[PDB]
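Worksheet: the structure to be examined is printed underneath.
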Amino acid sequence: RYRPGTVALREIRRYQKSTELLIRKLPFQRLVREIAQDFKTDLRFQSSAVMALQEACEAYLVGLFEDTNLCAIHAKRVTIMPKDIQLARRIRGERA
Amino acid sequence: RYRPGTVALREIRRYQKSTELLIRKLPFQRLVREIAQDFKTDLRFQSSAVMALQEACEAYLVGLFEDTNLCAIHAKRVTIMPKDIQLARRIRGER
Amino acid sequence: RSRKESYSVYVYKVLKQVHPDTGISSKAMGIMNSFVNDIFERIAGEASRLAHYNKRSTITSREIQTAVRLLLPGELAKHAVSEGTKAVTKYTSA
Amino acid sequence: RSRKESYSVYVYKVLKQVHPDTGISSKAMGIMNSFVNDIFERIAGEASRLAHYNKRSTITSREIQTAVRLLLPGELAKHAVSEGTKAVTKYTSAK
Amino acid sequence: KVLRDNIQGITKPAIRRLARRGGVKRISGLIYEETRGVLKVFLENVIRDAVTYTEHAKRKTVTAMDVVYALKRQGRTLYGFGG
Amino acid sequence: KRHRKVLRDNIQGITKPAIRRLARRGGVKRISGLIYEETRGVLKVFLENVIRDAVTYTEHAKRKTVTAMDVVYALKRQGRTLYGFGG
Amino acid sequence: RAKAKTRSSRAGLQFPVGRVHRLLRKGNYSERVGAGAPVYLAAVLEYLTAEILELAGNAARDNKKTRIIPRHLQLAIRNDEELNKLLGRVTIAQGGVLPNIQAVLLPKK
Amino acid sequence: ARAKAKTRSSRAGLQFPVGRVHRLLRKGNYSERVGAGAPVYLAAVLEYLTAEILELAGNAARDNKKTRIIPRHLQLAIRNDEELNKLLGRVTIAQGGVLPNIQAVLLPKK
Amino acid sequence: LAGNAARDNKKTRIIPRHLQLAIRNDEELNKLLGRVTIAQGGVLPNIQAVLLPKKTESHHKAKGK
DNA sequence: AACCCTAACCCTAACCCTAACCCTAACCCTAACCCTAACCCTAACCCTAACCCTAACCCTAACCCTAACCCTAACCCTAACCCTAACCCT
DNA sequence: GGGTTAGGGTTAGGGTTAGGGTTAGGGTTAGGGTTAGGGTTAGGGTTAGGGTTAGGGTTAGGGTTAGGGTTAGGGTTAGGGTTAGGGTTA
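These protein sequences, in sequence, are chains D, S, P, B, U, A, L, E and V. Numbered continuously in my numbering, the first sequence closes out at residue 130. Numbered continuously in my numbering, the second sequence closes out at residue 286. Numbered continuously in my numbering, the third sequence closes out at residue 216. Numbered continuously in my numbering, the fourth sequence closes out at residue 80. Numbered continuously in my numbering, the fifth sequence closes out at residue 280. Numbered continuously in my numbering, the sixth sequence closes out at residue 159. Numbered continuously in my numbering, the seventh sequence closes out at residue 917. Numbered continuously in my numbering, the eighth sequence closes out at residue 114. Numbered continuously in my numbering, the ninth sequence closes out at residue 265.
Next comes the structure, spelled out in structure tokens:
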């Protein structure tokens, strides 16, 4: 192998020029079912509901990653740090 | 002379332990009147209205300065930069 | 007039019940008055939408009880729900 | 079978009027249907509060015209206001 | 799938291409846990809101309309599914 | 006649003893070179997209004085409610 | 009970003035609504509906998809400075926003 | 003809009013039909919230040797509780100031 | 670790009080020297909660005498 | 709002440290190329248990009920925290 | 420099009835959710591939912490000489 600088941009453009799902459906459904079981048992789920949940989670993750990258690239660092996510959540007002 | 590092904290504590106004009233009233004149002429202002406007502006400025300082202190810098305000406004979604 | 006033007597009675020899100030009364009217249009406003979403138009005790868990957080929501249930029980008893 | 209200015929007519040989897709119809109902409860919801704040209960043409400048930005607000004024003028001219 | 076997549903190479859509080039190590915890907290909040809504409607099936209404109440007017 | 000071406050007054005093309340210790200039500009929009709402509200009731009852409804639309001076 | 001059076209808008006002009362707002309120309801609200429809097909020309699809609908809003700044509580499903890899994101510049 | 017509404490057991809540909720264009035992729940919730807020304000004011609740004490008590901070997070109380919080990096350490 | 605590009290000398305050401050230094008692050191300045029993201080009397 | 006084607090300007910014040194943290070896769902193939309509009758829905009580800042006032002389260490 | 004894000064605290909107049950009776024959939608098993996902190794392979140019941002200045506060009316 060898470190690059062009395959990353190519993959970014390919994934931005396409509108395909990245996360699976059955694991997410099992996860939300386990979460719902913690509050009340005997609960079911549909298809459009879990689809909207996956879409909202994907949008939130994309926004959070974009904010983290924009916060990290402004400190003369091409990579992000685990504290940058908490910083962005504290600025946006998600945890405090 | 005092060594730099104690007068700043003393002034910060003194201004935080007090609830007095810092911005004047007549200049702010003239400013908001000039701003209102740009949309429609023959407009007046009251006292409680400009007081609430000054309070909201002070709260917004305090929050913006606190966010700017919290963004600047996390990059190994004790001072803030003019781009940090735009960064905080872009993160908060003010445009 | 058409009865458009202020919450002062009830606020003072509540303050005297929870803290003797105490009282309210000048701007504190207006702050509490603006705080009461703010949550008054938030809890009652969600009940109308919740009743309209189910093709209904009756806002009873359950419509306000369920709206507590949506606006209030966790421990405060359960405490308010318990207080409301005790109040409706004392009302239905006599 | 109780049918569901949906904006499809008017949307297709508007699309054909602004762009010939065009049409809507599958999810695009539901997206536009959810977009219409979203702004329907936002513009009409502010008019009720604006009428209640002035001790009134009549939502006429001015209550909707003024709500345009509050929700819509600048150029779109003036264009929507002009369109609404021309529509109400054509309505009052002939019934 | 009820223990810790589903909470660790986010891998490491799959989340690399997920952040690449926004504009992230390089991540880190503790991100795989911090993002998982944040996603878990947000999902707990949304699931609690949907449960409260379906309890108001006296229903046991979390539909897409209730999820859309809860997301709009939180501050995210999602389009597409529902009405 | 009329006074020659028809500038009507060209966004001034709030200078060193004001911006520094406002930043000292939050937690700012030192101030760099620029910092200002744009500090008086970020507050211009806060009065441009708020006072216009009060003017538009007063124009609906055929009035001409922006009282304290209308300044709270304009700030509530943005998401910054104030208690006390409003009522 | 005479002629077929429906209230849906009694004003002059593609949205049904007679039916969009049948929903205007379905919101529990104020009571007595003027005659110009339904006309102002189907004129300024149909504008935002029409401005997004005609621009998604234009974004499909760059994607060689011609017809408006859900993916182009989100990009249709961010096509001008009047529609992007208009909507705040609007998030279309798919999307695929403009890859804003400007000259700054490019090597230096 | 009637009898003693005794009551509880006031009319249900709460000090908050009940005849004005039902009036403001019916005339507020919220719903065309309002329940009978519905404003009691909202009245009790508002009374409990006001009691908790006033107790917190009194506890915050008693530390400064002042038995009078001022807006500064209210701002100090609201911005201290975790349950009350998430509810009134977007509320800016006038004449209240902020909280004495200084970063550790700004302090002259080692 | 002792010199930094000595400089806080405006003292450029390492007195036993400074060493006692420095050892009883760090976690690892206290875990390593938990049984060692420094002579002429002293206890770390720390008070204790739950000391006032009246807290609320309600009006047991009346406003009218 | 724009209309003479007030008259003592409030806003520019100067020298000397700390602090911001660039250049190296070298460990140590981070992406893919064809080998890795079971492995992994989702696409197809069924086969499960009370939720949706369903709605004819059944026992509550606030409606106008019109007689009580509450009630609220002024009452003319009093209950806390005052503000200058007096005053705990800096 | 801040807490405190003297002293009023707005500013809190308790009925007093004055009485006028405001909510409350049987005389109704109601049409929607259950509870009711068909018609629906989610959940538990079944099977075989092929594209997706755990793992070393390797690469000398590319971001990254102590010294040390300066230039740039603080505390006093101490008058003083312009503006910001508060009481007057018409």
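We treat Cβ as the ideally placed atom computed from N, Cα and C, and that holds for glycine.
Original post:
Looking only at DSSP bridge pairs, what is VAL95 (chain E) linked to?
Top reply: Reading the eighth sequence from its first residue, position 91 is the one you call residue 95 (chain E). The partner list for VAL95 (chain E) (beta bridge, DSSP) reads A:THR153.
**OP:** At 9 Å on the CB atoms, spell out the chain E contacts of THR214 (chain P), in chain order.
**Re:** Stepping through the third sequence from its first residue, residue 214 (chain P) is reached at position 92. The contact set of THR214 (chain P) on chain E, defined by CB atoms closer than 9 Å, consists of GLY41 in chain order.
**OP:** Can you tell me which of the three DSSP states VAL841 (chain L) falls into?
**Re:** Stepping through the seventh sequence from its first residue, residue 841 (chain L) is reached at position 33. Reduced to three states, the DSSP call for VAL841 (chain L) is strand.
Original post:
Name the DSSP beta bridge partners of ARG223 (chain U), please?
Top reply: On the fifth sequence, residue 223 (chain U) is found 26 positions in, with the first residue counted as 1. Answer is D:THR113.
Original post:
What's the gap between the Cα of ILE207 (chain U) and the Cα of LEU98 (chain D)?
Top reply: Taking the fifth sequence and counting its residues from 1, the one referred to as residue 207 (chain U) is at position 10. Taking the first sequence and counting its residues from 1, the one referred to as residue 98 (chain D) is at position 64. Approximately 16 Å, taken between the alpha carbons.
**OP:** Give the secondary structure of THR45 (chain B) by DSSP, where H, G and I count as helix, E and B as strand, and everything else as coil.
**Re:** Stepping through the fourth sequence from its first residue, residue 45 (chain B) is reached at position 60. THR45 (chain B): coil per DSSP, three-state reduction.
Original post:
Looking at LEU55 (chain B) and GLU859 (chain L), is the spacing between their C-beta atoms short of 9 Å?
Top reply: As a first step, residue 859 (chain L) is located in the seventh sequence; it is residue number 51 there, counting from the start. As a first step, residue 55 (chain B) is located in the fourth sequence; it is residue number 70 there, counting from the start. Contact: no.
Original post:
Residue range of the alpha helix (DSSP H) that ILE69 (chain D) falls in?
Top reply: By 1-based counting over the first sequence, the position of residue 69 (chain D) is 35. From DSSP, the alpha helix (DSSP H) with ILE69 (chain D) extends over 60 to 71.
Subject >> Other residues of its chain near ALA222 (chain V): CB distance less than 6 Å, five sequence neighbours each side excluded >> reply: One-based indexing of the ninth sequence puts residue 222 (chain V) at position 22. Contacts found: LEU201, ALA202, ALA205.
**OP:** Could you list the residues in the stretch 63 to 91 of chain E with a C-beta less than 7 Å from some C-beta on chain S, going in chain order?
**Re:** Listed in sequence order: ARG76.
Original post:
Can you find a C-beta in chain S that's less than 9 Å from the C-beta of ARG124 (chain D)?
Top reply: Residue numbering aside, residue 124 (chain D) sits at position 90 when the first sequence is read from its first letter. At least one chain S Cβ lies under 9 Å of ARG124 (chain D).
Subject >> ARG78 (chain D) - partner residues in DSSP beta bridges >> reply: Here residue 78 (chain D) refers to the residue found at position 44 when the first sequence is read from its first residue. For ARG78 (chain D), which the question treats as bridged, DSSP gives the partners U:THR258.
Original post:
Listed from N- to C-terminal order along the chain, which residues in the stretch 222 to 238 of chain U have their beta-carbon within a distance smaller than 9 Å of any beta-carbon of chain D?
Top reply: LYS222, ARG223, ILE224, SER225, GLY226, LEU227, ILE228, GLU230, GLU231, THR232, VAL235, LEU236, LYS237, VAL238
Original post:
Using 8 Å as the threshold, is the stretch 137 to 144 of chain P in touch with the stretch 136 to 144 of chain A, meaning 3 or more CB pairs across them?
Top reply: no
**OP:** Return the CA-CA distance between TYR52 (chain E) and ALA202 (chain P), expressed in angstroms with no decimal places.
**Re:** Stepping through the eighth sequence from its first residue, residue 52 (chain E) is reached at position 48. Stepping through the third sequence from its first residue, residue 202 (chain P) is reached at position 80. CA-CA distance, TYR52 (chain E) to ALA202 (chain P), rounds to 7 Å.
Original post:
List, in order along the chain, the chain E residues whose C-beta lies closer than 8 Å to that of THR153 (chain A)?
Top reply: On the sixth sequence, position 81 is the one that residue 153 (chain A) refers to. Those within 8 Å of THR153 (chain A) in chain E are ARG94, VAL95, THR96.
Original post:
Interface residues of chain D around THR208 (chain U) at Cβ under 9 Å?
Top reply: Counting from one through the fifth sequence, the residue named residue 208 (chain U) turns up at place 11. Chain D residues near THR208 (chain U): none, gap ~10 Å exceeds 9 Å.
Original post:
Between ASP85 (chain E) and the ligand ATP, is the CB less than 8 Å from at least one heavy atom?
Top reply: This structure lacks the ligand ATP, and indeed carries no ligand of any kind.
**OP:** Enumerate in chain order the residues of its own chain whose CB-to-CB distance from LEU110 (chain E) is below 6 Å, with the five nearest sequence positions on each side excluded.
**Re:** Your numbering for residue 110 (chain E) matches position 106 in the eighth sequence. Nothing listed; no residue qualifies.
Original post:
When we look at the beta-carbon of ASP125 (chain A) and count the other beta-carbons within 10 Å, is it buried (16 or more) or exposed?
Top reply: To locate residue 125 (chain A), count along the sixth sequence from 1; it is residue 53. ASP125 (chain A) comes out buried.
Subject >> chain U contact residues for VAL96 (chain D), given Cβ-Cβ distances below 7 Å >> reply: Locating residue 96 (chain D) in the first sequence gives position 62, where the first residue counts as 1. Chain U residues near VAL96 (chain D): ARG218, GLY219.
Subject >> Cβ contact (3+ pairs, closer than 8 Å) linking the stretch 14 to 22 of chain E and the stretch 155 to 169 of chain P >> reply: no
Original post:
Hey, is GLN822 (chain L)'s beta-carbon within less than 9 Å of any beta-carbon in chain D?
Top reply: As a position in the seventh sequence, residue 822 (chain L) is number 14, starting the count at 1. No - not a single Cβ of chain D is within 9 Å of the one on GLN822 (chain L).
Original post:
Do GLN902 (chain L) and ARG886 (chain L) come within 9 Å of each other at the CB atom, strictly closer than that value?
Top reply: The residue given as residue 886 (chain L) occupies position 78 in the seventh sequence. The residue given as residue 902 (chain L) occupies position 94 in the seventh sequence. No, the pair does not count as a contact, with Cβ atoms beyond the cut-off.
**OP:** Give the straight-line distance between the Cα atoms of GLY69 (chain B) and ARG213 (chain U), rounded to the nearest whole angstrom.
**Re:** Counted from its first residue, the fourth sequence places residue 69 (chain B) at position 84. Counted from its first residue, the fifth sequence places residue 213 (chain U) at position 16. The alpha-carbon atoms of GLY69 (chain B) and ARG213 (chain U) are separated by roughly 50 Å.
Original post:
Between the stretch 29 to 48 of chain E and the stretch 7 to 20 of chain E, do three or more beta carbon pairs fall short of 8 Å?
Top reply: yes
Original post:
Within the chosen definition, does the stretch 263 to 280 of chain S reach the stretch 31 to 42 of chain E through at least 3 CB pairs nearer than 8 Å?
Top reply: no
Subject >> Own chain residues within Cβ distance below 8 Å of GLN271 (chain U), not counting five before or after >> reply: If you number the fifth sequence from 1, residue 271 (chain U) lands on position 74. Its chain contains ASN242, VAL243, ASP246 as the residues whose beta carbon lies nearer than 8 Å to that of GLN271 (chain U), once the 5 sequence neighbours on both sides are disregarded; these appear in chain order.
Subject >> Contact list for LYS12 (chain B) against chain L, beta-carbon separation under 7 Å >> reply: Here residue 12 (chain B) refers to the residue found at position 27 of the fourth sequence. Those within 7 Å of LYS12 (chain B) in chain L are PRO878, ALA901.
**OP:** Output, in chain order, the set of chain D residues within a Cβ distance shorter than 9 Å of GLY904 (chain L).
**Re:** The residue labelled residue 904 (chain L) in the question sits at position 96 within the seventh sequence. Neighbours of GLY904 (chain L) on chain D, chain order: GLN50, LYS51, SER52, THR53.
**OP:** Tell me, please, whether the CB atom of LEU57 (chain B) is closer than 9 Å to any CB atom in chain A?
**Re:** One-based indexing of the fourth sequence puts residue 57 (chain B) at position 72. For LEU57 (chain B), the answer is no, since every Cβ of chain A falls outside 9 Å of its Cβ.
Subject >> Contacts of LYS114 (chain E) in chain V (Cβ-Cβ under 8 Å) >> reply: Position 110 of the eighth sequence, counted from the first residue, corresponds to residue 114 (chain E). Correct list: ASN204.
Original post:
Should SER124 (chain P) go down as buried or exposed, given a rule of 16 or more other Cβ atoms within 10 Å for buried?
Top reply: One-based indexing of the third sequence puts residue 124 (chain P) at position 2. Exposed: under 16 other Cβ atoms inside 10 Å.
Original post:
Any beta-carbon of chain S closer than 9 Å to the one on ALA133 (chain A)?
Top reply: Within the sixth sequence, residue 133 (chain A) is the residue found at index 61, counting from 1. Judged by the 9 Å Cβ criterion, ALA133 (chain A) is not in contact with chain S.
Original post:
Taking Cβ positions, are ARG102 (chain A) and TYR206 (chain S) nearer each other than 9 Å?
Top reply: Against the sixth sequence, residue 102 (chain A) aligns to sequence position 30. Against the second sequence, residue 206 (chain S) aligns to sequence position 15. No, they are not a contact pair.
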